[PDB]
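Residue numbers are given in the working numbering: position 292 of the sequence shown equals residue 558, and the series is strictly consecutive. Ideal Cβ positions, reconstructed from N, Cα and C, are used throughout, including at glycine. What follows is a single structure, written as structure tokens, with notes after it.
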Amino acid sequence: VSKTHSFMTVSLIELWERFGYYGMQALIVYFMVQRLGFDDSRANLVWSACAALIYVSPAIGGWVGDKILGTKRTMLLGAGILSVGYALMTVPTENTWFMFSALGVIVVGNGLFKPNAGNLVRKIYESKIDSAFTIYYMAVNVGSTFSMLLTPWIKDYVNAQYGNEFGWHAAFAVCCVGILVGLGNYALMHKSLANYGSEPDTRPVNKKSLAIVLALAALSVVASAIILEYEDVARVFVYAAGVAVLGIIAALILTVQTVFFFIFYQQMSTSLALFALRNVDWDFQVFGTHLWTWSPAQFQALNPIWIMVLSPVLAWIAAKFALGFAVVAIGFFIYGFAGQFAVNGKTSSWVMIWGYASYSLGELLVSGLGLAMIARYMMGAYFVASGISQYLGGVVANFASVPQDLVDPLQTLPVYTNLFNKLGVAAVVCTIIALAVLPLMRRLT
Ligand SMILES: CCCCCCCCCCCCO[C@@H]1O[C@H](CO)[C@@H](O[C@H]2O[C@H](CO)[C@@H](O)[C@H](O)[C@H]2O)[C@H](O)[C@H]1O
Numbered sequence: 267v268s269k270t271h272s273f274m275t276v277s278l279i280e281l282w283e284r285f286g287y288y289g290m291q292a293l294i295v296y297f298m299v300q301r302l303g304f305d306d307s308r309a310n311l312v313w314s315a316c317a318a319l320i321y322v323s324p325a326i327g328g329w330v331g332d333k334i335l336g337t338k339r340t341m342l343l344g345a346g347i348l349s350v351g352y353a354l355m356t357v358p359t360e361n362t363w364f365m366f367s368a369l370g371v372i373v374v375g376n377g378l379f380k381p382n383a384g385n386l387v388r389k390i391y392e393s394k395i396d397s398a399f400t401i402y403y404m405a406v407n408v409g410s411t412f413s414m415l416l417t418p419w420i421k422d423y424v425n426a427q428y429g430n431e432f433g434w435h436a437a438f439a440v441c442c443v444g445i446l447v448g449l450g451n452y453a454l455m456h457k458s459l460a461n462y463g464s465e466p467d468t469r470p471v472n473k474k475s476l477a478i479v480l481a482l483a484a485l486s487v488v489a490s491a492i493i494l495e496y497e498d499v500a501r502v503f504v505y506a507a508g509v510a511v512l513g514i515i516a517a518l519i520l521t522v523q524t525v526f527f528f529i530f531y532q533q534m535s536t537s538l539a540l541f542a543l544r545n546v547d548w549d550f551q552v553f554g555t556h557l558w559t560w561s562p563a564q565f566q567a568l569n570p571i572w573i574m575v576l577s578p579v580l581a582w583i584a585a586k587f588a589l590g591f592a593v594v595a596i597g598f599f600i601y602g603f604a605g606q607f608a609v610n611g612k613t614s615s616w617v618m619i620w621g622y623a624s625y626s627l628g629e630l631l632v633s634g635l636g637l638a639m640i641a642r643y644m645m646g647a648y649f650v651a652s653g654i655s656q657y658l659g660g661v662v663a664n665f666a667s668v669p670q671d672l673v674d675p676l677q678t679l680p681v682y683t684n685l686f687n688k689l690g691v692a693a694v695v696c697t698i699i700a701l702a703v704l705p706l707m708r709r710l711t
């Protein structure tokens, strides 16, 4: 049909997938802390292990779509399995194993979806694949803006019109029908747009291998649910993946810096979220009237929004890594200076907006210089180092962990802004690593 048509279908299904995903991420730690009974140290480690899995997952799943089932087949199977994940997330049971299983299903499902929608964009564009990929990574952001704004509101509204359950499960259902909407989209655009793409989808599905894939898939959901459940299993697994990834020259410092950057990134799912829930005035004032009043989770929506606001402006050299780190640093110093001004126990609001403005500028600046640069100069090692630093990002967000019996926001405020200030300095050390290693880029060329 067309290249922009195919790319359209795949970027749309991407958009709705990410809607579901971030709609769930914006609520998951609050669920574990507020609805389930978890302390924020566990909530962090569990969610961070889950992210590590989710991010090491597409390594296996990308290979399945190229070399075993179709890339379109595997993408679809991934989207279905994902849908079942949120489905489990909406049955109103506070049985941690039920929920961890729902999460495992999301891990398996995501490993099967993400890499293959990504390949489709690339097969659809045969350097205009960058033309494609930026628009792609934008579509992601409008989707995740929509859900990270909506699902916290559904949670609140339903939690009010009804009692505690669903509320959350209402929100996870919203995720599930987002996924379903995406699937119906593709289905109404299937051979139509996509048509040509995938290496082994040009023939019928191999029922022995679909059987073995689904079997091993089920086994992976149980593997996940257990790794999430026992922190020690996760720790040992991440540690093993650690000594293993490090076991196996230019892309080195690049991927290392990627680890650092990902610790800074994992902070918004976790410590920034809890800080936002506990020491931020959810009342947004446009100096000086009132519209409107945040729902703490909705602060995370500030990330894709700002990436959407500053993306057209930036449209108008791993030194961009350096600048990235610097801007992430003053982002964290704005969160650190969240005490020294705009404070009444729990107060700030604009602290979150400027904080996130800065932080996500640093993201846009480093949101490109990863896959493109390494793939223009392995994928597994990158995915393991990335998942690993997601977990590490969890144990770092743990440095601001507030005991459950400590609720005087006047006392929780320092513990957060100590972490945030220390990250700000940690980010400047990375800025020095970035610029120092810069002539090592000139020796090779
Ligand atoms: C595709 C991208 C689309 C991006 C735009 C998405 C639109 C956002 C959809 C949901 C918006 C709701 O998000 C926001 O939630 C907060 C808190 O729960 C609500 O807060 C609301 O109820 C609370 C409680 O009664 C009131 O104090 C407040 O005055 C009122 O605004 C807001 O009404 C709503 O603006």
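Please go through the same chain and pick out, in chain order, the residues whose beta-carbon is closer than 6 Å to the beta-carbon of residue i, but skip the five residues on each side of it.
i      : result
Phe686 : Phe598, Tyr601, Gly602
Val406 : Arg284
Could you tell me the distance, in whole angstroms, from the CA atom of residue i to the CA atom of residue j?
i           : j      : result
residue 715 : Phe591 : Here the chain covers residues 267 to 711 and nothing more, so residue 715 does not appear.
residue 224 : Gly328 : What is shown of the chain runs 267 to 711, which leaves residue 224 out entirely.
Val479      : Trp616 : 48 Å
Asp674      : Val499 : 34 Å
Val691      : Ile596 : 9 Å
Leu342      : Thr683 : 43 Å
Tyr428      : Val357 : 15 Å
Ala516      : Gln677 : 46 Å
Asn461      : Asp396 : 21 Å
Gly346      : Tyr352 : 10 Å
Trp419      : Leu557 : 16 Å
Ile640      : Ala542 : 35 Å
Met618      : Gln551 : 12 Å
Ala398      : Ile583 : 22 Å
Between which residues of its own chain and residue i is the CB-CB distance below 8 Å, once the five residues before and five after are set aside?
i      : result
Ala647 : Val511, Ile514, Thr521
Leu672 : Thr678
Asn385 : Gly328, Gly331, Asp332, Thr337, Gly463, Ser464
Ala588 : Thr697, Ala700, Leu701, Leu704
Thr362 : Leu302, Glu495
Flag this pair as yes or no: are the beta carbons of residue i and residue j separated by less than 8 Å?
i           : j      : result
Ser272      : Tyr402 : no
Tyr622      : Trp572 : yes
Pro680      : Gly605 : yes
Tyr625      : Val594 : yes
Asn382      : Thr411 : no
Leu378      : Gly286 : no
residue 734 : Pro324 : With the chain covering 267 to 711 only, the question about residue 734 has no answer from this structure.
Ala651      : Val447 : no
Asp305      : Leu540 : no
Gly370      : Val488 : yes
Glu392      : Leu302 : no
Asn376      : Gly344 : yes
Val373      : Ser490 : yes
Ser537      : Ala453 : no
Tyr296      : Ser413 : no
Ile493      : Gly659 : no
Return the Cβ separation of residue i and residue j in integer angstroms, given the expectation that the two are a contact with Cβ distance under 8 Å.
i      : j      : result
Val440 : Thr417 : 5 Å
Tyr321 : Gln656 : 6 Å
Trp548 : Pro570 : Not quite, the Cβ-Cβ distance comes to about 19 Å (not below 8 Å), so this is no contact.
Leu415 : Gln533 : Not really, about 21 Å apart at Cβ, beyond 8 Å.
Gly653 : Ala318 : 4 Å
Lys586 : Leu631 : 5 Å
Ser393 : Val267 : About 22 Å; that fails the 8 Å criterion.
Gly409 : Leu568 : Actually they are not in contact, since the Cβ atoms of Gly409 and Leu568 sit about 16 Å apart, beyond 8 Å.
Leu335 : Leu476 : 6 Å
Residues in the same chain with beta-carbon distance under 7 Å from residue i, minus the five sequence neighbours each way, listed in chain order, please.
i      : result
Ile294 : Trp313
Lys421 : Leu293, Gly433, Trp434, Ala436, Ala437
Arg388 : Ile395
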